[PDB]
Structures are given as structure tokens and as C-alpha cells.
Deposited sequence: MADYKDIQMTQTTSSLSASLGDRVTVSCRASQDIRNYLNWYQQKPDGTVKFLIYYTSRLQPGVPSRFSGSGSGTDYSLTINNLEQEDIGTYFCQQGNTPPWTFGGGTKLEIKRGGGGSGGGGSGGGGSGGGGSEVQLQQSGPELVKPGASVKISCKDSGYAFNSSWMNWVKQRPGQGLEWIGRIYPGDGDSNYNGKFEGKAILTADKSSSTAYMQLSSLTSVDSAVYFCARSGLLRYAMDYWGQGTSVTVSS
């Protein structure tokens, strides 16, 4: 296994409404500005905020700004507002496998992709979770899968292109996850096998276009608990 390590040394920030908050991120090597930012709201949902270091995505308020180059990047929020609360994660899109920082949870001081429901299984078993896309670009988009454990940032599992069934996997999950897709029902599936407590996490599906190295839209996530 080989990758570019992303780190957000500051895991949590406590601030007041109106402050100027900054979230920092470092890549282990030059990622040539291919650095994206996501905000995970308290309800667990994830939204794509900035692409290629500074490109705000449609709808994102002007108070947000991205800076950086080389290995160091930052997201700045001017005039902090309540809706900005959540956990911010950086992600380099320069070199597969895509990698994410550990996230920085921001607190105040004193879906088009519908995934199947929560799973609860025993060690050694397998589970198949689904992700139905109600949109119309399912077969012409990469469907990515991401793993999140408490305090374990976010890990890119792999992706599949429904159009021709092509698939790419993160070496770390090759024997663990199997990605498939049904063109007719616009549904992508991920089967996890030989489950251990390490597989206990929330898994998200997220699609991306064929030319941008970021996850455009995210499902709500599926919780998988492995229990003895």
C-alpha cells in the first residue's frame, strides 16, 4: 500500500458566532492544489464545499474561502454562523487512492442518494448495503464508497462506473469490499465480507463526475455494527 497522507492536527475547535474560524490541513507531499473541503453536519450528512483549493461550489456562501498550495491548505469561515457548525474534512484529489484528513469538528462555545438502513451483524458474516440514485446520471458517473469510524477520519474504499462496470479499489479493501451496480434501477451495492469489529462504521456512497477528483453528492450513510 502507498498513498499521500492527509492530516488535520487540530481535531476540534470551539468558537462563538461571528468569529473568523480557520481549519488547517497538510498533505505528506505536494498535491498541486487538488485539495477539496467537505462539511459534515451534525446529522451526519456530508456536503461538498470547495474544489481545487479555492473554488466554492454553487450555493456555498461567500464567507467561506480556501487557500493553499504545495502541502499546506486552509479553509476560512468569516462571520461564523450556526449552520456552519459541523466537522470539516480535507481531501486530496491529486493521487489515487483519494485520502482524507482526520477532520476538525467545529462547535459553538457557551438525499438524492438514498442508502439502505442500519445493519447489525456478527463477526465472520457479510452484509450488502445499497445506494439508490434518484437522479439521471447514475450510469454515467463514478459511484464512490467511503468509510467513517469515530475518530478515524474518512477512508476512500473504491468506485465503480455503472456504464461499463469498471471498478477501482483501495488496496486496503480489495478482499473486503465488492462493488456492483444495477443500471436498470440506478442502484449501487457494496458487499462487505468476513466482518470484524474493524468493519464497524458508517459507510457512505458518493458520486463524482468523470473529470473532477471530488465527491459531488453524498448519500446519508449506512451504519454497520459488528457485535459478538
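Peer 1: Would you mind checking the deposited sequence against the model and listing the stretches with no C-alpha coordinates?
Peer 2: The deposited sequence has unmodelled segments at 1-3, 114-134.
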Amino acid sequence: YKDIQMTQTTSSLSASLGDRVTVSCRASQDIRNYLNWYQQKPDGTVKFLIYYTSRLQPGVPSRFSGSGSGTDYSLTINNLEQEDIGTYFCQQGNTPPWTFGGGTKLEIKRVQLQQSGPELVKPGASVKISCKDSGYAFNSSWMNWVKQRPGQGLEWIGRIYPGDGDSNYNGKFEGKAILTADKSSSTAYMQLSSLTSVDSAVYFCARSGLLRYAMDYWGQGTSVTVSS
From here on, numbers count along this sequence of modelled residues.
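Peer 1: On average, which has the higher Cα B-factor in the deposited entry, 92-100 or 134-142?
Peer 2: Comparing 92-100 with 134-142, the higher mean C-alpha B-factor belongs to 134-142.
Peer 1: Between 32-40 and 53-61, which has the higher average C-alpha B-factor in the PDB entry?
Peer 2: The deposited B-factors put 53-61 ahead on the C-alpha mean.
Peer 1: Report the option among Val21, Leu211, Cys25, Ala206 whose CA atom has the maximum B-factor in the deposited record.
Peer 2: Comparing C-alpha B-factors across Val21, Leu211, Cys25, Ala206, the maximum falls on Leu211.
Peer 1: Whose C-alpha has the highest temperature factor in the PDB entry: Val46, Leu195, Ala201, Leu179?
Peer 2: Of the options given, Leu195 has the highest CA B-factor in the PDB entry.
Peer 1: Should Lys147 be placed in the lowest, middle or highest third of its chain by the C-alpha B factor in the entry?
Peer 2: Lowest third - that is where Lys147 ends up once the chain's C-alpha B-factors are sorted.
Peer 1: Hey, what third does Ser14 fall into on Cα B-factor, ranked over its chain?
Peer 2: Highest third of the chain for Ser14's C-alpha B-factor.
Peer 1: Where does the C-alpha B-factor of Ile77 rank in its chain, lowest, middle or highest third?
Peer 2: Answer is middle: the recorded C-alpha B-factor places it there.
Peer 1: Lowest, middle or highest third of the chain for the C-alpha temperature factor of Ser126?
Peer 2: Ranked within chain, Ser126 CA B lands in the highest tercile.
Peer 1: Ranked by Cα temperature factor within the chain, is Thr87 in the lowest third, the middle third or the highest third?
Peer 2: Its C-alpha B-factor belongs to the lowest third of this chain's values.
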